[PDB]
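Peer 1: structure of the sequence below:
(one chain, ligands or ions: 3)
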Amino acid sequence: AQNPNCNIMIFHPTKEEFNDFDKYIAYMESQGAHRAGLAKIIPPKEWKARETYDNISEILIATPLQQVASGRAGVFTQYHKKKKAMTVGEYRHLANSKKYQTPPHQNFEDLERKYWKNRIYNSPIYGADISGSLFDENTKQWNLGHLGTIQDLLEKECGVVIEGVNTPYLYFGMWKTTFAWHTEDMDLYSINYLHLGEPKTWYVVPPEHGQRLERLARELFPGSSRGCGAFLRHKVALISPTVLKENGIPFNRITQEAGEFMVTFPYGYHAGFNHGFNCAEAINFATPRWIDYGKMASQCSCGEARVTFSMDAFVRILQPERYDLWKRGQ
Ligand SMILES: O=C(CCCc1ccccc1)Nc1cnccc1C(=O)O
Ligand SMILES: [Fe+2]
Ligand SMILES: [Zn+2]
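Peer 2: Numbers count the residues shown, from 1 in each chain. Ligands and ions are numbered 1, 2, ... in the order given. Please see the structure below:
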């Protein structure tokens, strides 16, 4: 068994190795990368996502989300309050303002301490889930807008043609903007490229221990748990590394910097925060190894969790028994 401690692995593909996405994901897994639930990939020195980021101020964030916290410092829920549209130029200026800017800090460790101590007392604004891409059309390797689709993977493995098209999303962040504990829709993989700006810190639980996190979550958020058997799908629940330690939940942490890829693996619970103004791009993907996770994925049928048009087909084909109840749920 490779990577039995489930450590987060960091990869440095050569230009040649960076030419076949599926092959390299399979290679990473042959080294046990998936057992951590998250891997970092540093692209070849000669590679670039696009020429410059000089002309991105005019992107619209149609619905910025103010992330409002309830609970205690290390155990809280966050709800998203919709705000008026703003351009990325306006957003960046807001992120850099005295009210929202990254505070003085010694290092990543000091900033993490400040995040968990102080996060709940501020309400940062997140420009999340914006359909689009910042990869140059001519970028041929690891272009998140040119990956093979989940629908084609499911067709290749199961011999069934289905509707749907999955495309990338942009995320414009500032200090304290947060992603709550979750696995991907249908326990898919995700790939995240940090285009520019300040770092993003990640926490992850190994897939083999995901049910331990779920059990702790039910204990820590009893109301939410009664409401929905898969409430973590709502992406509202935060639990600090201190609280995870106290409860013996195995986990790992790593900081992603601009120019680096992170891949999350099937059923790898993850959460994190942004250090300051930044922009990331992400998309879900699948491999043959995902199919069995897709079949076993928990579903929110309470109506809260956002269902994409594409997920109908995944549930319909992989989870026919669950399909009706899930459908009437939302
Ligand atoms: O889920 C999110 C953003 C929150 C989406 C959301 C949740 C609830 C309500 C509105 C939007 N973001 C990520 C997820 N998984 C890995 C990384 C991120 C990220 O923010 O870079
Ligand atoms: Fe995610
Ligand atoms: Zn639910």
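
Peer 1: how about the residues of this protein by ligand 1?
Peer 2: Within reach of ligand 1 by Cβ under 6 Å from any ligand atom, the chain has these residues: 65, 80, 128-129, 171, 179, 192, 200, 235, 270, 280. Quick note: C-beta positions are derived from backbone N, CA and C, even for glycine.

Peer 1: between those, which is nearest residue 255?
Peer 2: residue 200 (7.2 Å; Cβ to Cβ).

Peer 1: next one: phi and psi at that closest one?
Peer 2: The phi and psi values for residue 200, taken as degrees, to the nearest 10, are phi -130, psi 120.

Peer 1: check residue 281 too.
Peer 2: Main-chain torsions, residue 281, degrees, to the nearest 10: phi -130, psi 140.

Peer 1: one step back: buried subset of the residues of the chain next to ligand 1 as a PyMOL selection?
Peer 2: Buried residues within these, by 16 or more other Cβ atoms under 10 Å, are selected in PyMOL with:
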select buried, resi 65+80+128+171+179+192+200+235+270+280
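
Peer 1: closest one to residue 105 out of the residues of the chain next to ligand 1, please.
Peer 2: Distances from residue 105 to those, taken by Cβ to Cβ, are shortest for residue 200, at 15.5 Å.

Peer 1: list the contacts for the nearest residue to the closest one once chain neighbours are set aside?
Peer 2: Distances taken as Cβ to Cβ, 6 or more residues apart in numbering put residue 256 closest to residue 200, at 4.8 Å, once the chain neighbours are dropped. Residue 256 is in contact with 40, 192, 194, 199-202, 262, counting by Cβ atoms under 8 Å, 6 or more residues apart in numbering.

Peer 1: among the residues you listed, name the ones in strands.
Peer 2: Secondary structure from DSSP state E places 40, 192, 194, 200-202, 262 of the contacts of residue 256 in strands.

Peer 1: let's have the residues you listed in a markdown table, adding distance to residue 46.
Peer 2: Formatted as a markdown table, the ones in strands among the contacts of residue 256 follow (distance: Cβ to Cβ, whole Å):
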| residue | distance to residue 46 |
| --- | --- |
| 40 | 19 |
| 192 | 22 |
| 194 | 19 |
| 200 | 24 |
| 201 | 28 |
| 202 | 26 |
| 262 | 21 |
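
Peer 1: check the spacing between the nearest residue to residue 287 once chain neighbours are set aside and residue 126 real quick.
Peer 2: If you skip the residues right next to it in sequence, residue 287 has residue 25 as its closest partner in space, 6.1 Å away by Cβ to Cβ, 6+ apart. Taking Cβ to Cβ, to the nearest Å as the measure, residue 25 and residue 126 are separated by 28 Å.

Peer 1: show me where the stretch 151-300 of the chain has its helices.
Peer 2: Ranges of helices within the stretch 151-300 of the chain are 210-220, 222-227, 241-246, 291-296, based on DSSP state H, counting those that start in this stretch.

Peer 1: just so I know, which of these lies nearest residue 44?
Peer 2: That would be helix 291-296 among these, by Cβ to Cβ, at 29.7 Å.

Peer 1: give me the distance from that closest one to the chain's centre.
Peer 2: A distance of 19 Å separates the C-alpha centroid of helix 291-296 from that of its chain, computed with Cα atoms, centre = their mean, to the nearest Å.

Peer 1: now do the buried residues in it.
Peer 2: Neighbour counts over helix 291-296 (16+ other Cβ under 10 Å) mark 293-294 as buried.

Peer 1: other SSEs contacting it?
Peer 2: helix 150-158, helix 311-318 (3 or more Cβ pairs under 8 Å, 6 or more residues apart in numbering; DSSP states H and E).

Peer 1: using a markdown table, please lay out these together with mean neighbour count.
Peer 2: Shown next, in a markdown table, are the helices and strands packed on helix 291-296 (neighbours: other Cβ atoms under 10 Å):
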| stretch | mean neighbour count |
| --- | --- |
| helix 150-158 | 17 |
| helix 311-318 | 19 |
